[PDB]
Amino acid sequence: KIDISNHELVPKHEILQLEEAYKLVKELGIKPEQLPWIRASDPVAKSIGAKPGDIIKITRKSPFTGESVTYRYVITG
Amino acid sequence: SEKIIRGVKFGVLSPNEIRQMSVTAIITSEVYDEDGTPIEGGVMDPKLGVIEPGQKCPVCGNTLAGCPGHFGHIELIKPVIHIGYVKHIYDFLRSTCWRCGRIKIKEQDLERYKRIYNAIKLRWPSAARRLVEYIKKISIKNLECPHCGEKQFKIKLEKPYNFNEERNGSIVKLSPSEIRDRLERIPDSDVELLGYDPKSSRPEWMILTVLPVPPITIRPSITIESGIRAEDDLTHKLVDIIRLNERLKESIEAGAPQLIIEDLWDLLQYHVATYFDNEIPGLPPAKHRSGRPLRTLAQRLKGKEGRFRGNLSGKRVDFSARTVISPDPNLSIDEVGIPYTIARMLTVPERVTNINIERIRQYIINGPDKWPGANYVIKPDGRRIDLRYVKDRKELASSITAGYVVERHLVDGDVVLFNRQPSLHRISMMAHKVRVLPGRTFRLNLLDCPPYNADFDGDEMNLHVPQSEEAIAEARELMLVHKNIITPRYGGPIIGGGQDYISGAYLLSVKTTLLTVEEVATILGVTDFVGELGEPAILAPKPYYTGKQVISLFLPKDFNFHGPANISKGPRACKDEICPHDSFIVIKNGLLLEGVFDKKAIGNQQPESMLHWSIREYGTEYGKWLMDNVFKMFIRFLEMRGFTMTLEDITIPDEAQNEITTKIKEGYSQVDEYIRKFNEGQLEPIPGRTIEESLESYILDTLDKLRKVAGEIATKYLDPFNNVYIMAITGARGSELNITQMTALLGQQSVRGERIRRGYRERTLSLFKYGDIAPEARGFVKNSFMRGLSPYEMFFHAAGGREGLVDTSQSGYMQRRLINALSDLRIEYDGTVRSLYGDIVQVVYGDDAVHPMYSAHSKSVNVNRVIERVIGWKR
Amino acid sequence: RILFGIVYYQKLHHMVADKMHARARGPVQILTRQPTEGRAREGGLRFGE
Amino acid sequence: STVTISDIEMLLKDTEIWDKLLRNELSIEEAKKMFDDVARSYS
Amino acid sequence: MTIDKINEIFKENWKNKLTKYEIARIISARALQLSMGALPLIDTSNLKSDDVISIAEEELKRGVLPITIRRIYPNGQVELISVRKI
Ligand SMILES: [Mg+2]
Ligand SMILES: [Zn+2]
Ligand SMILES: [Zn+2]
Ligand SMILES: [Zn+2]
């Protein structure tokens, strides 16, 4: 319908490989569902083809460090 | 063995449990007989509990201190509905068959639903809730039990607690007996799938067959000096329930009209439901004597005076005081002044060791009436001794050893908590060091007012004395005042100079100030300075010191600072080190060589100031030392110099008044031209506004420009070195609008952005013509406060300022919601922000893990400041 | 030079002799067993939320 | 089944796969294959 | 960069440094057990103040306290910090 990933309010989304996600959850000492959640029907989740059980690596713009990295866990809904 | 509480398990109270824990059975409805002794078997049975100081409980050999209340039970012959579980009984009724007691869903799907629910109940509670809601929604609308196919009838609930079937007759009412009998049929698995614990919350237990009787410990009798005992409302209701229980039982065994039985069954149920909760929607409140609604179990728990917010979230505490506050510039910023009366009443309990035994002995020698003394002595086994009833306090002092506890008066150096309400941020309550002084007031330093938002108009503050060693240590380590100079809201100091401090600093640091040895010794006598003054700045013809030279004695010998002063707003600004007006501050190697000290160098709430950099780069202890020494010099120099406000500081000559009059005439001519153009239809509007609305805008613009020009003229023809101008330009008090209004004119008065119009028809006052919209007719004041206002000018001025007199619940509600939303977040050793339940909120706090309290005004590092620190003495 | 004058002053009935109250220990409520309320009684300051 | 029930079941299956992978009872490739199978079967 | 460079900088910074909460806890515990009859580990003959909290502060300033801080990281790793002469 319309491509929204180029909007200035939308940060970069990236699907994270299983080995990298496994290493991340081991080094954080958590279960995957203890991260902030993102829905599989999210407009940006569908743009990259994200399925539930994945972890999305998000890079946002920051006034203190320039670039900041965040992780979200894909849920159903 | 001493344990701790690690959880609470909730459930519905089984009637077997109600009977088993009960100590008696309440059968009699008579509370007190002729003499006054309580009837055994009534509501006031002594078996329930003891509330009398001298009485002893029969159930347990304990007095009021050691006796917990004991429970009784009222036996109900006809079951009643618990009003607090109606929404659950309704769901159990609507989603279950009334013959076999099943969820009314095919067992093939039921088994897999149960499997999924058992798998997900603990990891995803929200998913389990949605699954249960879906099962209930698809099971309610079945109309035929798959196990029966018996044409299930729909059930409707009539408030508050009336259940109505819809059979072929379309009207039939369900009694609680049939409801409970239907709810007994449901198996444990079906209850568990519906979202309820079967072994702890069984659905038919929501239909009451036995009623617990609260203990008398929670049901006290108020002793009033009127001589009549007043009972609490719980007994006043329980007597009604027991009466109706007796009133209805005799009818069953004696006759059966079957219409008076149900007209009493609907009254006992009402009594029980109202005993559980009053203010039931669509139900009359219950009074006792004066038409005052009763207070019941659920009314003791809700509200701002209820159990939760009145006794659990907040409470009244011991060892606290409240008093008016007054200033004290002779205290440190860490200190608070305490009256002698309060010091002798509040006490700190100190355990006797081998290092402090002599000091404690000297405390004991002094009684409760001499400071510093003591009020009590506690022996190692745990007996207290009132020192005012001791025959000889000198022998008791000699007999104390290590292990005794002495509750002594407050002494200088004790740590207390000092608080002002409302407590909006955490530095609304800080730790202070006690100093006992004559008077009946709480004395506070003037630099400590901004954090408290405090004032000396009649304000009051609270005091709290920590009692244990750990609490005192925490208060001294984390809450001390000087450790909290920089606020966490932004990277800036919340403690700093005020009104006399700023003007005293300006007058001392100006380059014309010359001092003699005696004046220098007088100024430095209020500080801690002892040492060599060096040579005077001027050696001949006379030896003179400089104010900058004296100030430089307190700056660190490697401090560098370049920056403008507050007085550099006007033409004296040069934006470089070559300034003949002392507008640019130059500090090199801790030597004040140029510039003055004013609000932009030492004032409070000024981020990235010289004082802020000093505190940041030398520690908060240095800031405490600086505020306690240099800020007194400013006051002392004001005392020596003399600072007053006369009436010639705001009086302009006659030529200035003539110029202002000519400007006012020109403005009035412009307004008249606008009005004429409007009357002749040659006035263009502004987009989005009508004509006669644009004319008002033009008039307002013209009058505002007139006020600005008149203020400029008045400033031009006034002395730029009078005390009002000094107070204004330095930032101590006042603005340029105040000077303009006091010396040139008030200008146009307005109400909600418009001129003054409300009054008679087409005129505000009867003094003016019909339809007159000249500036004076609608609220333009052309006089100043110095010259005086006209009667109608005074009326217009009073009308303009009316809406400032009207000038919090929304702010409190928002802050409370934020506190309850965010209270569980913590910073981990990982650097991560996590909740106390383990959920991750931020991978790293902020973006660089920098505390706003340690920031250089939101910056982790100011690189220009570092460069100035390193090479500022040669730049 | 300092400005000296004569101004009419008034004393208001808000006096600190009727505004200060402290409590170390005292009576407690019969129900909640918490400190009492008011300067007429021994007192107790509320430590709110 | 229903969309909500399918979502709940796929969430449960993802949880089980992650639990088994985190206990070193599965390899990364087997977990990838099972995740793909669940995603395709519940699309 | 384990998770991020900022987290590594954080953990490296707090490796051999005490937070204010740890200092407050140590001082309060030492004062509480010093008021209960323990023997001071310093001279306590020419100190300015003879109360327990001042003695605990001076005992912490010059490392004589045989106390160890146990830091438990969220992944289960344990770090031990000793205040006895560091
Ligand atoms: Mg005030
Ligand atoms: Zn008892
Ligand atoms: Zn059935
Ligand atoms: Zn200049």
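Every residue, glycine as well, gets a Cβ built from its backbone with ideal geometry; the counts of neighbours run over all protein chains shown. Please treat every number below as a calculation from the coordinates, not as lab data.
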Item checked: HN-Hα J in Hz across the stretch B:693-698 - Karplus 6.51, -1.76, 1.60, θ = phi - 60°, x for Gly and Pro -> 9, 6, 4, 4, 5, 4
Next item on the list: For the stretch B:220-311, evaluate the Debye formula with one uniform point scatterer on each Cα (no solvent term) and list log10 I(q)/I(0) at q = 0.11, 0.19 Å⁻¹, rounded to two decimals.
Entry: -0.43, -0.98
Item checked: DSSP-loop trypsin sites (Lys or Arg not before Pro) across the stretch B:522-608, with at most 11 other Cβ within 10 angstrom -> B:557, B:575
Next item on the list: Under a cut-off of 14 Å between alpha-carbon atoms, report the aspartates and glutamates in cross-link reach of residue B:173, not counting same-chain residues fewer than 8 places apart.
Entry: B:158, B:165, B:262, B:263, B:266
Check: From the Cα gyration tensor of the stretch B:308-354, with a ≥ b ≥ c the square roots of its eigenvalues, which class applies: rounded if a/c is under 1.5, or else prolate if a/b is larger than b/c, or else oblate?
Finding: oblate
Check: Which percentage, to the nearest 5, of the DSSP beta bridges contained in the protein assembly as shown is antiparallel?
Finding: 85 percent
Checklist line | Value at 222 nm in deg cm²/dmol, rounded to 500, when DSSP H runs of n ≥ 4 in chain B each add -39,500 (n - 2.57) | finding: -10000 deg cm²/dmol
Item checked: Cα coordinate range in the stretch B:507-650, projected on the principal axes (Å, largest first) -> 44, 36, 30
Notebook entry, point to check: Does the stretch B:733-810 come out rounded, prolate or oblate by the C-alpha gyration tensor, with a ≥ b ≥ c the root eigenvalues, rounded set by a/c under 1.5 and, if not, prolate when a/b is larger than b/c and oblate if not?
Noted result: oblate
Next item on the list: Could you please rank B:542, B:9, A:31, placing first whichever residue has the fewest other Cβ atoms within 10 Å of its Cβ?
Entry: B:9, B:542, A:31
Next item on the list: Just name one of A:56, A:25, A:74: the one whose Cα is farthest towards the positive end of the charge dipole of chain A (beta-carbon charges, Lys/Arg +1, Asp/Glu -1).
Entry: A:74
Check: With a 10 Å Cβ neighbour count serving as the proxy for reagent exposure, in which order, fewest first, do C:13, B:464, B:88 appear?
Finding: C:13, B:88, B:464
Check: DSSP loop chymotrypsin sites (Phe, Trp or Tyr not before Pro) in the stretch B:666-723 with at most 11 other Cβ atoms within 10 Å of their Cβ, which ones?
Finding: B:721
Check: Say the cut-off is 26 Å between C-alpha atoms; which of B:483/E:15; A:12/E:5; A:51/E:11; B:121/B:151 go over it?
Finding: A:51/E:11; B:121/B:151
Next item on the list: Mind pulling the per residue volume of the convex hull built on the Cα atoms of the stretch B:273-378? Å³ is fine.
Entry: 267 Å³
Next item on the list: Scan the stretch B:142-190 for trypsin sites (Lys or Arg not before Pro) in coil per DSSP, keeping those whose Cβ has at most 14 other Cβ atoms within 10 Å, and list them by number.
Entry: B:151, B:154, B:167
Item checked: Integer Hz, Karplus 6.51/-1.76/1.60 couplings in order for the stretch B:618-630, x for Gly and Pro -> 10, x, 6, 5, 5, x, 4, 5, 5, 5, 8, 10, 7
Notebook entry, point to check: Mean 1/r over all different Cα pairs, inverted: what Kirkwood radius does the stretch B:572-642 give, in Å?
Noted result: 13.7 Å
Check: What's the exposure ranking of B:129, B:383, going from fewest to most Cβ atoms within 10 Å?
Finding: B:383, B:129
Item checked: For residue B:150, net neighbour charge (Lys/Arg +1, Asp/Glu -1) across residues whose Cβ lies under 11 Å away -> +2
Note to self: In Å, what Kirkwood hydrodynamic radius results for the stretch B:382-520 from the alpha-carbon pair distances?
What the structure shows: 19.2 Å
Checklist line | Which listed pairs, of B:665/B:782; B:47/B:287; B:511/B:708; B:557/B:624; B:600/B:705, have C-alpha distances above 21 Å, in listed order | finding: B:47/B:287; B:511/B:708; B:600/B:705
Next item on the list: Label chain A by shape, choosing from rounded, prolate and oblate, from the square roots a ≥ b ≥ c of the eigenvalues of the Cα gyration tensor; if a/c is under 1.5 it is rounded, and otherwise prolate applies when a/b is larger than b/c, oblate when it is not.
Entry: oblate
Checklist line | Those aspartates and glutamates that a straight Cα-Cα span of less than 19 Å connects to residue A:1, excepting residues fewer than 8 apart in one chain | finding: A:42
Note to self: Counting only other residues whose beta carbon sits under 11 Å from that of residue B:221, what net charge do I get with K and R as +1, D and E as -1?
What the structure shows: -1
Checklist line | With eigenvalues of the C-alpha gyration tensor scaled by 5 and rooted, chain D, Å | finding: 21, 11, 4
Next item on the list: Do me a favour and compute the ellipsoid semi-axes for the protein assembly as shown from its Cα gyration tensor, root of five times each eigenvalue, largest one first, whole Å.
Entry: 64, 45, 41
Check: When all C-alpha to C-alpha distances in chain B are sorted into bins of 20 Å, what percent of pairs does each bin hold, rounded to whole numbers?
Finding: 10, 24, 28, 24, 13, 1, 0
Checklist line | Ratio of the Cα radius of gyration of chain E to 2.2 N^0.38 Å, where N counts its residues | finding: 1.35
Note to self: Averaged across orientations, what area in nm² does the convex hull of the alpha carbons in chain C project?
What the structure shows: 7.7 nm²
Notebook entry, point to check: Simple spin-label model, 7 Å along Cα-to-Cβ: residue B:798 to residue E:39 in nm?
Noted result: 8.3 nm
Notebook entry, point to check: Can you count the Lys pairs in the stretch B:300-445 whose Cα atoms are under 20 Å apart, with each pair 8 or more apart or on different chains?
Noted result: 6
